[PDB]
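Before any questions on binding or motion, here is one chain by itself as structure tokens, the form deposited in one PDB entry.
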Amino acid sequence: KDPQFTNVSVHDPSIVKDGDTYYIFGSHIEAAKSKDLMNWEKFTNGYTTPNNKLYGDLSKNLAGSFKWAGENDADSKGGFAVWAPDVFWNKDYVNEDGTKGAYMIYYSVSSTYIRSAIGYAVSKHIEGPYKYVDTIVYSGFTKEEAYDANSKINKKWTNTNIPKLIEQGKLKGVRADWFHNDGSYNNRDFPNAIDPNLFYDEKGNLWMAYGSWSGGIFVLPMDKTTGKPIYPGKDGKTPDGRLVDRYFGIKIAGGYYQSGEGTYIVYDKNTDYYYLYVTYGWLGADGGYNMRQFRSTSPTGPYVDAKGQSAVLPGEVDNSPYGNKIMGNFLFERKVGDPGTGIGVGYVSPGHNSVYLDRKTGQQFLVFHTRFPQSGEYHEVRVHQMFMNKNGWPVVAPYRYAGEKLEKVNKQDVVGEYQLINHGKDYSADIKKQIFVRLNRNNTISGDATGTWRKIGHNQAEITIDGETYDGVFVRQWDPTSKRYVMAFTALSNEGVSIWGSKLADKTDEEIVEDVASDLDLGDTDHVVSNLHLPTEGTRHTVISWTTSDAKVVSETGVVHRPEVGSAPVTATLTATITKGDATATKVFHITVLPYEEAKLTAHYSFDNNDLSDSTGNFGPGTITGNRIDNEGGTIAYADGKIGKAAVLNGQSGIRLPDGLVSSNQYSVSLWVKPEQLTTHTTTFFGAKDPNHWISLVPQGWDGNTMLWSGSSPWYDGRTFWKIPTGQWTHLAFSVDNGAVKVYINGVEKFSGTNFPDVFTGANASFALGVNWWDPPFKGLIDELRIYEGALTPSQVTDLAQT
């Protein structure tokens, strides 16, 4: 269990080493340091200012760049957007006192998807404070006077550095093609000016690559004395056809609006290649963020991948085929019986990397952020070691770095059963999972795949599966799931596809089948009220076969049938027969399924007496609001309803119900509605402990359909995929039983879900009909608001809907 980690959240990390300490510098002015690439310590204060750790008075220091983007403008309204910086010691930088040597930080500011710039600051010491020097590349400028929403920044090109560059003779003049006909920024072909990367070339010259979606990635030579670009000064094309622009530089990747950002280029003197890393997709859990790799013999390109395809796209096309996909979404999924606990180690949207290539030892490290399965938008930094393969491509270790190095590996330490992940070319929210194969002593591969393998020398790995040869290495890795150092491989084929392998411990089929049986647990089976998940597989393709002693209670697949209200609970046995090879084992679970129980009526605001009272007598009456839950001023009239009279909601008014109307996590709500008009997010039934802890029944939700909705800790989308009509009556109802939530329309279940939050227990919530804190009030009639203790039975709901 030896290795220990200490994690930090630094989005878009840029690695740099100062003495023997590693530093990472990310977006949102976050930075952290480590002595070992495993245990990190943050030393920054985010966007705090003044007293900003990295910038001091942030607003004053960087005002130069902030006049164009990234401070309290458009998308940065209310705050700041200082993104994706790069840091490196420039030994030739002439400081303002004439001394030589500074740490330079090139940063992005951005106010929309397109209006951005890159600027830089310098410090003699890596922990700052860094001091502004200049803003050097701008994007999102226009032909004429123009303004984005929530901004009064004149986006005209004359507000950039372009006039002064022209005055210095560094540019002929404005380039017509930077603009569409309407005068707007041509980001089909030219870049978003963010995500800079500074690298030295074979000859010790300095380049900056940058870009993000839009027209793609560009690169510019840079003066080592001052940090300023040495702008091309004229447009042209590279011999192989790539755009050269007088100002933006030389396009080396992307194009035509497609994804691709977080560029990092490394010169490798052992191989004499320039390696180009770039991240595709969107950074969110759902965005399929994935790292790609190309190479060039020249810093200025052409960069190509293992199939010789260009990094620069031929057009507005899917960028999937292009670049070696070195990491996407994956999971070494723990199956029933595996050691450890949890779902296993996997990543979601890993990306925006930097790289540290140690000069002495050739050791190489991919540094990046990632999200995780079942943790939403939470992100931490990861470090994965890389190793040059025999075709001149660094290959990425499957697990995060844990002190390991390349070694002499004996054949006996390799032969065995493996988990195998193939990263493919495709990317999406989907997550890749392991297959199970074996590398056999006779140099074949068997199991889920077939083919061959060899080890050359100490550790080169060659693996050929179905005619594809992947080359890479064998290396020992820390597997945190099993808590062992295990043998592993990583290898890349000539499609630019990476496979990763983790060696499973040797176990007999008897031992595996025993492990599966021990780990197999169905939770509470004495109080069953909804279907059971019954896994049909355990580790290494163990088969779990289920039989029931009585399908009336519960099927072979865990489908339950609750007895009617009034009937006894029914019991049944489920038997798991667990097999692998010729070994078998048995585990019995005794299942008690509970009958339905009727929800009890606890409040009835019927409006039948032309008033706001509760007919059950349990609650005080409703009172009248204005256009919000917490204001007054409105009116309620009473018109002819679906049942008796009904409340008329004019569009400026609502009803405030008593606090605590629901005070539990087992409850239901039922009501009738006749909307005269539809407005988005507008509530009918609304209950809230506060503006970040509420539930709402919404006729036209964010997806344009009726939903049950909760926010903001956590969000929950109870989606129905059913549009409500205006000018007609619709019954709506929902139940919440300790996590289980269901939503009915006109008697029919249209959403069923789990994990639903308990908003109404831990303090008395406010409640209302037709109004909340933000949205247009409901316009129409509402009728028969009924509240319950407990979840309504299906038939109870059909009853209610049945008028």
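In case it trips you up, residue 1 is the first one in the sequence shown, and so on. In this text, the rigid core denotes the largest set of C-alpha atoms whose superposition between the two forms falls within 1.5 Å.
Although it is not shown, the form deposited in another entry is what the next lines describe.
A.B. asks: Considering only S712, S428, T361, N442, single out the residue whose C-alpha is displaced by at least 2 Å between the shown form and the other one after superposing the rigid core.
C.D. replies: The answer here is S712.
A.B. asks: Quick one: core overlaid, is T798 moving 2 Å or more at the Cα between the shown form and the other one?
C.D. replies: Shift of 2 Å or more: yes.
A.B. asks: After core superposition, I'd like to know whether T754 moves between the shown form and the other one (criterion: C-alpha shift of 2 angstroms or more).
C.D. replies: Passes the 2 Å threshold, so yes.
A.B. asks: Honestly, after the rigid core fit, is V698 moving at least 2 Å at Cα between the shown form and the other one?
C.D. replies: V698 C-alpha, core-superposed: shift of 2 Å or more.
A.B. asks: Do the C-alpha atoms of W709 and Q374 sit closer or farther apart in that other deposited form than they do here, given a shift of 3 Å or more?
C.D. replies: Compared with the shown chain, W709-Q374 is farther in that other deposited form.
A.B. asks: Specify closer or farther for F330 and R719: how their Cα atoms are spaced in that other deposited form versus the shown form, given a shift of 3 angstroms or more.
C.D. replies: They are farther apart; the C-alpha distance rises by 3 Å or more in that other deposited form.
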